[PDB]
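The chain contents come next:
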Amino acid sequence: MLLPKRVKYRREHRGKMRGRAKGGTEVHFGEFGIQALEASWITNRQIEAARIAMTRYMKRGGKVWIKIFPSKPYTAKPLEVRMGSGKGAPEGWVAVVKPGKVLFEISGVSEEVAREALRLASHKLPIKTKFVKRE
Amino acid sequence: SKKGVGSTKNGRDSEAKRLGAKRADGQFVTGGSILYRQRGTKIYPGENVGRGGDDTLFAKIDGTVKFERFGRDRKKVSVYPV
Amino acid sequence: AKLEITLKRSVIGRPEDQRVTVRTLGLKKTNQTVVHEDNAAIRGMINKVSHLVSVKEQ
RNA sequence: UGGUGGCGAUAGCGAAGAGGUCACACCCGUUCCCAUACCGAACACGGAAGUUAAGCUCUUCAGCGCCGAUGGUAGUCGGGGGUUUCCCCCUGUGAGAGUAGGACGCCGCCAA
RNA sequence: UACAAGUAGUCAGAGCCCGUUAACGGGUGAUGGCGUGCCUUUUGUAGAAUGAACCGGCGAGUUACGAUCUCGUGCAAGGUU
RNA sequence: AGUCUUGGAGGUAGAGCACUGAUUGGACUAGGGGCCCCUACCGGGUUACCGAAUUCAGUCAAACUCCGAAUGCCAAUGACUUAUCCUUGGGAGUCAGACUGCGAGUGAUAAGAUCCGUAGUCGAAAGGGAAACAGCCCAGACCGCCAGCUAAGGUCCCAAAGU
RNA sequence: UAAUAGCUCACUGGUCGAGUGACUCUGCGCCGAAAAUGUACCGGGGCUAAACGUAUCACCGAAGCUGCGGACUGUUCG
RNA sequence: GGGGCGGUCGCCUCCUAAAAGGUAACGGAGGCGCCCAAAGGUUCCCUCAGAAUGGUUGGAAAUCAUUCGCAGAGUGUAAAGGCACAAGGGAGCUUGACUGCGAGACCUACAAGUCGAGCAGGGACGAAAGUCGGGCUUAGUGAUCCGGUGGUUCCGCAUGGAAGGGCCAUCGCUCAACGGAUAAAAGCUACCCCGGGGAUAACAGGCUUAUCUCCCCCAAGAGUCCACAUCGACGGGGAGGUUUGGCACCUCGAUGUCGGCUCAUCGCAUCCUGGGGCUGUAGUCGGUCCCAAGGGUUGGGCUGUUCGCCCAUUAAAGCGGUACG
């Protein structure tokens, strides 16, 4: 449910996605991580659900890293209205995720349990994922 | 059925002005011609080229125009008599 | 020295840039064979078009 | 050694170290020119007691700042495909944050 | 011409019949290929958008007075009633 | 006019944090919760329980840019090609455009949706292909021929060509 | 039933005695896959190559181009 | 993105804007209808915001002193460009916030808009050089007609005068629907009429599938222990085109709209009947899932109603498509 506590504008272009991710392409803080191999949007509900699916299962084992923030809002016109006549109100926050970006990373936890737990969380995201580990 | 929406209050703008250089590096020019219709001192005037009241650059002596770097970052126009 | 020219694919449907560039070499119609001297300019046009027109040496 | 110009800070900022008879600069005191929206530090004024402390000028350095192609890539002109919000192949073209390293100054003209 | 569906044609085409403003002729054509009338209005019409039942007649950018331009004339620093 | 060479402005794609914002972790501590007492907490001792400010590392932006192309655009020089350009005058119609690539808006990166820029076709273009098809591909019809070579597409039969 | 039962999986010993067990990348393929007058998502027939990928050579294929003849409009002059 | 209602109508800044310029939308953000006799011109001289430390009245900040400090601060105001060699700050003098103009050039359909060296007459500043034809650059503003006022070496109908009109200067418009119809203007029509449109709406068709109906994927949990007998959070994926819809593509030289009656016919995502798996299936009875479209799938009360609730039954009282047949 990551709200950006403030933003310069509450509406801006949807934008486009092209090429690999700009940065954070490999694990940097954890032992192991999870990577996305296509481009898509990712929203508060997705990161929150994946985070809980991670931590609640992992319990006292260690800590989990999140490298994502839905700084981008996205709008939607009110239900049952003719299109046009002003951009709709904003009602959700989303994070752009180009392929190659590593989403979550785990620390201080055994390999196999992290593997299967990341596999568990991956089903929460809408995106084909690949397991990845630090060099 | 239908539902109502309004109050965009954004469909306005100024009838935009033209801003650019209308003499090419190496072009022959005549006295009083316009070189660069900037808005603000984007590029300072060199020799033989003036600076108008509205930050515009105009050639004082007919000749050839030339652009060249001023210092580290700034630019400057000049007119070299032929 | 002298390299002869043949327009292979029809100019129809190509952009105006390709159209006028092919025009200035004097390619009235498809498969019209044109003989031109060689220089940087001619090689410029040929390498830029490169798929409407075939070039071979005499 | 002073003066005064051009050059993208490759000239800067720092850290140390040397100089002054002459040159420069601090210094000495407002008597009259001039001044401190209060004042001789500052403005000007007229000297020359002592000091290289600072300025200034020279020696050294990669700590910061600065400059910087090579081959990579990302992007992309033009063609050609694909399961086509997006990907891939070919002729070129060529990112910048990265290192190879350059650099802690170069050219003048008048007075020694 | 009674085992074949056809904007009805055209181009191939056997067979049968006839013989011309004589010419690489006329009529009919089994069978094969191709093929969604005309007009208006439309980005777009075979269109399930509009108009015509068919035949014949009639039925729409002229004339006057000025202006302007091209062209052709007779005169020309004059022309003209 | 095209192309070759030279020179220009231009801040997009890209990249990046140097600015403006957003923003994740480590270190750290100012300041706050933290109860005890002395008590007006004077201060100590007070949990990582929060936690500003800095520094190490890290991720984003149409209205952020120390950078910055490819193309496009504006000219000079000459070189080859090409021959279409400008001035005046007479006569128009056009002001309902569509689709397909590519870069964007609105839309839910839905629509054979709407609105832009760019290129093409149709509009106003028949022919061959995609079964039938305007906009997809190839390709331009002055006429005749019981000629030949090809483009996309295709070669087992329908149905020309390789079981 | 709760150990108390042929009994079994941890574990090593013997039987013949040769290939056997994990993961990574990748081509192609399978399920996921329910609509309405009739097969109905190769055009049909049908195809296990008459599909796909790679490579080579033939041929077909337009009102394109060339071939022969003719009409006309232009620029150099018939 | 049919009308009505709502909102808007001129000008200025930026993004959208695809590295020249230009470029739309009832696209995304703001501002203007002024202000300044100095906040102008000129000469001369400097330099910021914030922070740390000492200092009382006095703190978080009043006013002081040191140090750091490329610009964070300012620039009349709204954004951008640009500005510390000042365009920022201060003092003295002054009114060029001038007249006649203007080579050329930008911008442009037109109307207009913009810059402009340079010349002459007189100045202001400064010794001079030399600067000054309003704000640091871009908004702060409107046609013509008519009328008012000042100057006129202009004309003034027999002549001299006048009245009146010219030329120059200049005032009167939220003419803000801001290229401005007139000095002078609101509504209903379901008594309504005519010319046109599928250029444009209601029904149906078509495109999409947000919404809707189904189908699932992951598994936390519930289920006495056992995720998966049964149900399934938080999240993701799809199919169908029956509802609400978005678009306006055919039909406005006419395609008849709800419900019922008559007649049916099709899909299977099955209500019964047939055949099976599992079950937290003892048996009669059940729940879930698989195959299955052959047949069947009821009479009344209420309401125009389909839809619903109710009564009485049956093995069951299926859901949908067919121009909501």
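Residues numbered from 1 in each chain as written, not as in the entry; some residues may be left out. Chains lettered and ligands numbered in written order. Part of a larger assembly, values for the part shown. Heavy atoms only, no water.

J.: Tell me about the arrangement of the chains, residues and numbers included.
T.: Spatially, chain A and chain C are disjoint, and the shortest separation between their C-alpha atoms is 27 Å. In this view chain B stays clear of chain C, with the nearest C-alpha atoms of the two still 23 Å from each other. (Contact = heavy atoms within 4.5 Å.)

J.: How would you sum up the protein's contact with RNA strand F? Please name residues and give values.
T.: By nearness alone, 59 residues border RNA strand F, and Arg6(A), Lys8(A), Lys87(A), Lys75(B) and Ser10(C) come closest of all. Sugar and phosphate atoms represent 79% of those atoms of RNA strand F found within 4 Å of the protein. Note that a phosphate oxygen of RNA strand F is positioned 2.6 Å from one of the side-chain N or O atoms of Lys22(A). Within the side chain of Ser10(C), an N or O atom sits 2.3 Å from a phosphate oxygen of RNA strand F. The set of elements that each furnish at least two residues to the surface near RNA strand F consists of β3 (63-66) of chain A together with α1 (16-24), β2 (33-37) and α2 (40-49) of chain C. Its residues placed into classes, the surface near RNA strand F shows 19 nonpolar, 18 polar and 22 charged. (Near = heavy atom within 4 Å. Polar contact = N/O pair within 3.5 Å; in protein donor to acceptor, adjacent residues only side chain to side chain. Helix = DSSP H or I, 4+ residues; strand = E, 2+ residues; numbered from the N terminus. Nonpolar A, V, L, I, M, F, W, Y, C, P; charged D, E, K, R; others polar.)

J.: If you had to explain the sheet that holds strand β2 (residues 40-43) of chain A to someone new, which residues and values would you point to?
T.: All names here are of chain A. The 3 strands are arranged β2-β5-β4 in an open sheet whose pairing can be described as antiparallel. At either end of the open sheet lies a strand with only one pairing partner, and these are β2 and β4 (72-75). Sheet twist, expressed as the mean angle between neighbouring strand axes with direction ignored, is 50°. Note that β4 and strand β5 (residues 90-97) share 4 bridges and pair antiparallel. Opposite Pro 73, over in β5, you have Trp 93 as the bridge partner. (Pairing = 2+ DSSP bridges. Axes fitted to C-alpha atoms, helices over the stretch in contact; angles between N-to-C directions.)

J.: Break down the pairing of strand β1 (residues 2-7) of chain C for me, citing the residues and quoting the values.
T.: All names here are of chain C. With respect to burial, β1 is a largely interior element, 5 of its 6 residues being buried. Of the pairings in the sheet, the one linking β1 to β2 comprises 5 bridges and is antiparallel in character. Paired with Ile 5 across the two strands is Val 34, which belongs to β2. (Buried < 20%, exposed > 50% of the residue type's maximum accessible area, 1.4 Å probe, protein only.)

J.: I'd like a description of the sheet that holds strand β1 (residues 32-36) of chain A, backed by residues and values.
T.: Residue and element names in this part refer to chain A. Pairing within the open sheet is antiparallel, and its 4 strands lie in the order β3-β6-β1-β7. Every other strand in the sheet has two partners, leaving β3 and β7 (129-133) as the edge strands with one partner each. Across the sheet, the mean angle from the axis of one strand to that of its neighbour is 20°, orientation sign disregarded. Across the sheet, helix α1 (residues 44-58) touches β3 and β6 (102-107), and the angle it forms with β6 is around 15°.

J.: Lay out the pattern of salt bridges with the relevant residues and their values.
T.: Residue and element names in this part refer to chain B. Evaluation of the coordinates by the stated rule reveals 6 salt bridges over all chains. Where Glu 15 meets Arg 18, a salt bridge forms, and the shortest distance between an N and an O atom there is 3.2 Å. For the pair shown, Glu 15 and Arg 18 are each scored as exposed. Taking the shortest distance from any N to any O, the salt bridge between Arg 37 and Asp 54 comes out at 4.0 Å. Placement of the pair is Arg 37 in the loop between β2 (34-36) and β3 (44-45) and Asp 54 in the loop between β3 and β4 (57-58), with a sequence separation of 17 residues. (Salt bridge = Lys/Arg side-chain N within 4 Å of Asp/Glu carboxyl O.)

J.: Kindly report on the packing of aromatic side chains, identifying the contributing residues and their values.
T.: Each aromatic ring pair is specified by the distance between its two centres and by the angle formed by the two planes. If you walk through the whole model with that rule in mind, you get 4 aromatic pairs over all chains. Summarising the aromatic geometry, the rings of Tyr44(B) and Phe70(B) are spaced 6.2 Å apart at their centres and angled 50° between planes, so their arrangement reads as tilted. Remark: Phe70(B) occurs in strand β5 (residues 63-70) and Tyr44(B) occurs in strand β3; sequence separation between them is 26 residues. Taking the ring centre of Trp65(A) as reference, the NZ or CZ of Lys63(A) above it sits at 4.3 Å. (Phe/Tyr/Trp six-rings, centres within 6.5 Å; stacked < 30°, edge-to-face > 60°. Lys NZ or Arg CZ within 6 Å of the ring centre and 35° of its normal.)

J.: So, a positive patch on the surface: which residues are in play, and what are the values?
T.: Positive charge collects at one region of the surface, where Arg10(A), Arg11(A), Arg14(A) and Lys87(A) lie side by side. Here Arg10(A) shows up in the segment before β1. (Patch = residues over 30% accessible without salt bridge, like charges linked within 9 Å, V, L, I, M, F, W, Y side chains within 5 Å. Areas by Shrake-Rupley, 256 points an atom, 1.4 Å probe, with all protein chains shown as cover. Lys, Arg positive; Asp, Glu negative; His and termini not counted. Charge placed at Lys NZ, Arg CZ, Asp CG, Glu CD.)

J.: Outline the protein's contact with RNA strand G, listing residues and values.
T.: The environment of RNA strand G is formed by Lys130(A), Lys29(C), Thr30(C) and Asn31(C). Backbone atoms, meaning sugar and phosphate, form 100% of the atoms of RNA strand G found within 4 Å of the protein. Residue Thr30(C) places a side-chain N or O atom 3.0 Å away from a sugar or linking oxygen belonging to RNA strand G. Residue composition of the surface near RNA strand G, by class: no nonpolar, 2 polar and 2 charged.

By themselves, these are just geometric observations and shouldn't be taken as functional.
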